[PDB]
Structures are given as structure tokens and as C-alpha cells.
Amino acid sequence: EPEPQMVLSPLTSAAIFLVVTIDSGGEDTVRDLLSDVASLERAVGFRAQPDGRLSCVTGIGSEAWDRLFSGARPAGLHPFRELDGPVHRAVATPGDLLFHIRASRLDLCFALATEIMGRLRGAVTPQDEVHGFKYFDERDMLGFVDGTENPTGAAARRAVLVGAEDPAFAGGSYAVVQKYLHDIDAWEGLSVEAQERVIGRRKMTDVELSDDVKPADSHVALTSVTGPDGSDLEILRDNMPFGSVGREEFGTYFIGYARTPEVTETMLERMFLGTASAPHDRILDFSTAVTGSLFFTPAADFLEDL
């Protein structure tokens, strides 16, 4: 039975997202770090038990996989595809390795990130680093509760973990990341009621708008997709706020896990390219994506054994 990485674990109060590219000739140094990353997580994490809640999920991109490994490859692993809508675009930016580090305190995340980057220095080039923080009662920088409809329990396992469809990679998952910056000045000019129509839920109480008032181009309408079984396709989102007040940077770091990239991609196509009933997701009128990458997060034992 393969052991997944901590892709099912809940939101925490602190996170570091690190994305790097592998320099020419850095492959061996990377493979050696990948075999040790669980050890490094325990080394730091055990110090803060029982309430540290440190974890690290490590992901590998498509191009990187092809450089690192001469054997089998996950069936759905491909580069993130840029989506160039009429107005808004989902950019594809470089990234070979993802480290999604979470804990109840930033120090633990920073200590682990330090140890990882110490072992990769000279073999990789940093592309992005974000230090995320919880904002009040699980809110995002738009002021809405963010994560409510994430799946839990068995539904989450079914939605997130690779299974018998790709048995060599059972227990893995697919992560899509996008860094979004928000136009807070424009957003704060809307009434609360107008903001609710953009999102599709009530702002203070987090209750969904009824079907007969929710606009077709609201975020919740466009990211609600019925599957063949009539169910509703699900992903697990671990989005975190970030920002810098002096630079007027108010951000949402989007990370979504799914058993196949097709689910996440379908949602992105609906948001950016629109539907018959909606030109594009109105959240994008206040949000700009500035990164976009796709990674496979293998089973823990995959990493330990290479």
C-alpha cells in the first residue's frame, strides 16, 4: 500500500511556497535531495510536536521529470498550458520543483525551507517564494471565506489521489499553482452586494447565494462543473493570502490538488475562456495571474526509494 505525501492535510496558519528550476547539471544533486526531503521534514518537525503540524509536499514538473527519470512517467504529467482568453490570460511560467511547506508557525516552515535550499544551492535557480498567512476567519484578500467547499474524508481521497488508473503512481496527485495579485482599490469600490455577485456567496456569513440570484459569470457558478456521474467535479484548494502593503501587493496564492489535471484544467478553461452564458469569471476582473505551473506530487515512498 503506497503512502501519499500530506496532500490531504488541512489548511494551516502559515505556509511557504517555493518554486525553483533545475540548472543544467543539477539533476544528481536534486535526486539526492528528493530522497532526503522526508528526513529533513522529520528533523525539523519533531521539535514542535504536538502542535507544530509541519508538512512538506514536493512536486515535480513535466520537463523536470523527463530530465530526472529514465523510467515510467505519470500518465497526466504535462507542462501547464497557457490560456489566452480575449481579455484575461493564464500565463505559464517556469518551474521544475515545488515545495509546499505548511505549519502552525512560520518559523518551522522557514527552518525547513532553509535546510532544503541549503542542499540545492548551486543546482537550482529560485523562481518564486511566497510566505502565506491566515487572514482572520479563513478569509482571502478579497474578504471572503476561502476553502469552504473543499472535499473531506473519503470524497477527498477519491478526488485527489491517483489510483488504479495509473497504478505505478498510485498515491500521487497533481498540483496546479498560480500566484494571483488583486486590484484591491477597484474591489473596495464595489458594494458588498456587488462583491457577493462576483463570488456567488454571502460575504460575512459565507452562505451560498440561491440558484435564482447567483449570476452565471460568478466564480462559484463557473467553477461548479457537473461530471459524467452528475456529481460535481472536485479539487482540494490550499490557497493562502500574502502581500506587501508598501508595494500595494495583495495576493492569493492558488494551489489546487486533483487526481487528474483534467479537472483543474476544465475549471481554468471555464474561468478564462468562458461559457455560452458567461464571457469569463468576474473574479478575474479583480485578479491577475502572474505565475502558472503544474506539478506531480508522487507517493512518499517513490521519493524515498530513488
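All residue numbers are counted from 1 along the displayed sequence. Rigid core: the largest C-alpha set superposing within 1.5 Å between the two forms.
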After superposing on the rigid core, the stretch whose C-alphas lie farther from this form in 9 other deposited structures of this protein, comparing 284-292 with 11-19, is 11-19
When the rigid core is fixed in 9 other deposited structures of this protein, C-alphas move more for 88-96 or 130-138; answer is 130-138
Between 141-149 and 231-239, the record assigns the higher mean Cα B factor to 231-239
Comparing 172-180 with 152-160, the higher average Cα temperature factor in the PDB entry belongs to 152-160
Reading the B-factor column for Cα atoms of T264, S244, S55, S277, the highest value belongs to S277
Highest CA B factor of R121, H219, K203, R105, as deposited, is found at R121
Quick tally, chain-level thirds of C-alpha B-factors: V198 sits in the lowest
On the chain's distribution of Cα B-factors, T252 falls within the third called lowest
Chain thirds by Cα B factor, record data; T114 belongs to the lowest
Sorting the chain's modelled residues by C-alpha B-factor and splitting them into thirds places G292 in the lowest
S13: C-alpha B-factor third of its chain, per the entry, is the lowest
